[PDB]
Structure formats: C-alpha cells, structure tokens
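First, one chain by itself in structure tokens, the form deposited in one PDB entry.
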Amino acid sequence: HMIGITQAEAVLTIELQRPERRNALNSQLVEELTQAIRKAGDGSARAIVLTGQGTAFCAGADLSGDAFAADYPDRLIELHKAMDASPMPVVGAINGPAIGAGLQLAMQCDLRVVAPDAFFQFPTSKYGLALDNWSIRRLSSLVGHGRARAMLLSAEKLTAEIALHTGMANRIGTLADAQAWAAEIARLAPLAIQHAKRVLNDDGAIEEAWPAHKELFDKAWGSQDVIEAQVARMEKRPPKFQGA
C-alpha cells in the first residue's frame, strides 16, 4: 500500500510512496520494503533501483513516532540484512534528501546515482541520539574519515556535489539515469557481481558495538536531552541540552 514496484528489462524499480511525509520510514513502510527486497527477482529481475517519490529519497524514521518506538530498530536491522544478503545489486536513485535512517538506507545501496538537489545528513547530534557501528564505518568509507567526523559530530549536510567528490555518490543524475545504469549492470555476470558485493560489504563496516560504544549509545538514547531536542524543534526554538 505504501510502495510502488515496477519492472522493465531486468530492472526492478522499488519506489517509496509516502511523499506527503517526505518518505519518512514508519513500521509499515519498513516491512513492505523488506518484503520487496526479498522477493526481488522471484522472478526475472537482475537489478533493483530503489528510489523515492516526490522531492525526498527518505527523510528518516517517522517522528510520529516509530523512531522512538522500542521494537523499531529491529525492523530497520532486518531491512538492512535483507539488502546485504540480496544477490541483486541495488542502485539507489537518490532523488532528494536522505537523512537519519534515510541516510542509512541510502548507504546500504550498492551504488548511488544522486539528484543535484539531494543532500545527506545524520542529524544525530541535534537530537541527542547515537548510531550503530555499521552506519559510522560505512559513512567513513564513503565520505572519508574527516568529513564523517564533521557529519557525525556536528550534523554537517553532505551536498550532492561533495557526495560526488568523496565517492558517496557514484554519479550525479536522475532516476532514468539510475535505471539505465542498472540495465547495464543487469546484463553483467551475476556471480561476479554477487562475489564483489559480498566481499565489499564484508570490509568490516558490519561491526558489533564495543562495550563502551553500547554504554554510550544507551546513555544517549535514554537521556532527557532526547525530549528537549524534539520539544525545541516543535517549539521552533534553540535547544538547551544538559548532557544527561
């Protein structure tokens, strides 16, 4: 009910359809994606394009919110496991902003073709949250350790042009461009691609949090600053965090 699924040549196009929420990921959207990924090429598709309707690729977790629901991360993790395990290369057609879980989604694609007005951001430091290790590692490999530090410690927006610079974007362009590239890739040897992908994803990005990481993570998540962050936003005022 919340995604579009089409196929032309051997390219499955999976489209996030919540444009009125900038494709924010609630629980239902996350389940429907997972399913669409697992059932990709049941079936004759050799590649997937993943993209969002409207002006955003994905605005992150739904602030309504599943974002702060306790069993929401597991659905996200299962989504990511499904993409990682799929033998299909996923070309992300990033048609506009990708934030939070939405950045995570974008980075879990195998390749990225990015629209000129799209940007990338982890606003974690504005909301007092904390990321899983994989997000941090993969971001570091895609924009380089220095920019990652700036994105993670200060919520720096990564522009499209700069995403093209560091490698996070492979190409700057449109959905049609992404679909055309996926067509090429769909004509390549699948076993070679499946091998590259698996080895690539096993670069060590996938990392269980160290004990200090887990403690700092929980401490951030169950902090009062989390409340203050959303309140200041809705009240359209600056936050006053207390570090607790």
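Position 1 is the first residue in the sequence shown; the rest follow in order. Each form is matched to the other, and the largest set of C-alpha atoms that superpose within 1.5 Å is called the rigid core.
Notably, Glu207 is never a gap: all other compared entries of this protein, restricted to those modelling both its neighbours, have coordinates for it, so the one-third criterion is not met.
Gaps at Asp177 occur in none of the other compared entries of the protein that contain both adjacent residues, all of which model it rather than a third dropping it. Mean CA B-factor, 79 to 87 versus 137 to 145: the higher value falls on 79 to 87. Legend: mean Cα B-factor per stretch from the PDB entry, 98 to 106 versus 118 to 126; the higher mean is in 118 to 126.
Considering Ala205, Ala69, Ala61, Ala40 together, the PDB entry gives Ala40 the largest C-alpha B factor. The PDB entry assigns the greatest CA B-factor among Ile14, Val11, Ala24, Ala232 to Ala232. When the modelled residues of the chain are ordered by their C-alpha B factor, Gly173 lands in the middle third. In this PDB entry, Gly167 carries a Cα temperature factor that places it within the lowest third of its chain's modelled residues. The deposited CA B-factor of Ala196 belongs to the lowest third of values across its chain.
When the modelled residues of the chain are ordered by their C-alpha B factor, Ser44 lands in the highest third.
The entry lists a Cα temperature factor for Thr51 that places it in the lowest third of the chain's modelled residues.
Omitted from view is the form deposited in another entry, to which the following refers.
With the core fitted between the shown form and the other one, just one of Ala183, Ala45, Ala67, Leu175 shows a Cα displacement of at least 2 Å, namely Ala67. Compared with the form shown here, the C-alpha atoms of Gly128 and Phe68 sit at least 3 Å farther apart in the other form. The gap between the Cα atoms of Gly65 and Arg149 is larger in the other form, by no less than 3 Å, than in this form.
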